[PDB]
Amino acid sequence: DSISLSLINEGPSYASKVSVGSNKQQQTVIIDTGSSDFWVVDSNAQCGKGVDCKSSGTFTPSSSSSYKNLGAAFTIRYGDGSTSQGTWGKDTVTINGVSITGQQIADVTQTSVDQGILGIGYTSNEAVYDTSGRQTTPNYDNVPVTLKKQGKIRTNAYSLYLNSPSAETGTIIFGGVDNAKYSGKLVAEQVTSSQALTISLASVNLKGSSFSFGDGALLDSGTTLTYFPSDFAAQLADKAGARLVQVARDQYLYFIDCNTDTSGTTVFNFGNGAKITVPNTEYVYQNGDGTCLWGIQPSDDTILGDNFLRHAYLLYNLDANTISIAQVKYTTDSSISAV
């Protein structure tokens, strides 16, 4: 079947509403193709210093009579330093009506993160470790795998339309595909990792010049921007005129002249003759003040994040080990297919 869930464009992340427990407590959580674990803010948690982690709704295990506690510790750290510590449990999850009993989540009692995050990647990528690497629970069925297993979806798959940068809602469908919001054909691409949802990027065309790359990249719904290895990211910054700019001890960030030309487009060539074009406005991000960040940053891991993914329709399929892509089309229209 199809389960279209709405995606709220918060700015840096896209969240959906999820209700959890017997009394269906509504949390808004980030939808995350970069993580595989679903955790929510607990009512009685201390948010990290200077962070308002409870204004996207909270979770009270005591109010839900289906809530079972595993008694295993939970801990995760995100690429930007945010972490989240809490406890492993089980309970009812409802997503736009449909409901899965005994879905294992993490109840989090402290978090430098702004809201809960619904991670929906490969179960092999679950945070089941503590900071020493010593294991705290077996790899478990996450949401998507529990949907399929309770016969909610046919296959463990989903599509991802985040809409235009001006758009307020976009959409994710579980075990369904809109065939009206992409041109061309959907080009299936082999995932290059049994742990992360990565596909071979061959090269990137930037400001009319081609830059061979050849290595995998994560199609992450929950990264805001786009990251590359320093060396590569450096060659790219040059040609576009971005400056690397130390703002912390070991953290650097590319800034760019706020009035740089962005009439161009930036192209991403994948393996099967797939191609996704990104308009350059996606590479000036505004800082509240009078500075602008480059939408491309350096990092150990390549990530095509929100600023890339706006511009593609994507048919993730975790039982196939494929992610199909097609240049994005923006419309009110739609037409779904319960694959």
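What we label the rigid core is the largest C-alpha set whose atoms superpose within 1.5 Å from one form to the other. In this text, residue numbers run from 1 along the sequence as written.
- Stretch comparison, 246-254 versus 227-235: after rigid core superposition, larger RMS CA deviation in 4 other deposited structures of this protein is found for 246-254.
- Core-fitted comparison in 4 other deposited structures of this protein shows that, between 29-37 and 282-290, the CA atoms farther from the shown form belong to 282-290.
- The PDB entry reports B-factors from which the mean C-alpha value can be compared for 324-332 and 16-24; the larger average falls on 324-332.
- Look at the mean CA B-factor for 53-61 and for 284-292 in the entry; the higher one is 284-292.
- Comparing the listed residues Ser299, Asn307, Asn44, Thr33, the entry records the largest Cα B-factor for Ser299.
- Between the residues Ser263, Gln190, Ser203, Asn139, the entry's highest C-alpha temperature factor is the one at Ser263.
- Ranked by Cα temperature factor within the chain, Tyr227 sits in the lowest third according to the deposited record.
- Split the chain's modelled residues into thirds by C-alpha temperature factor. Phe74 is in the lowest one.
- When the modelled residues of the chain are ordered by C-alpha B-factor, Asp257 sits in the highest third.
- For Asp178, the recorded CA temperature factor ranks within the highest third of the chain's modelled residues.
- Per the PDB record, residue ranking by Cα B-factor puts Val29 in the lowest third of the chain.
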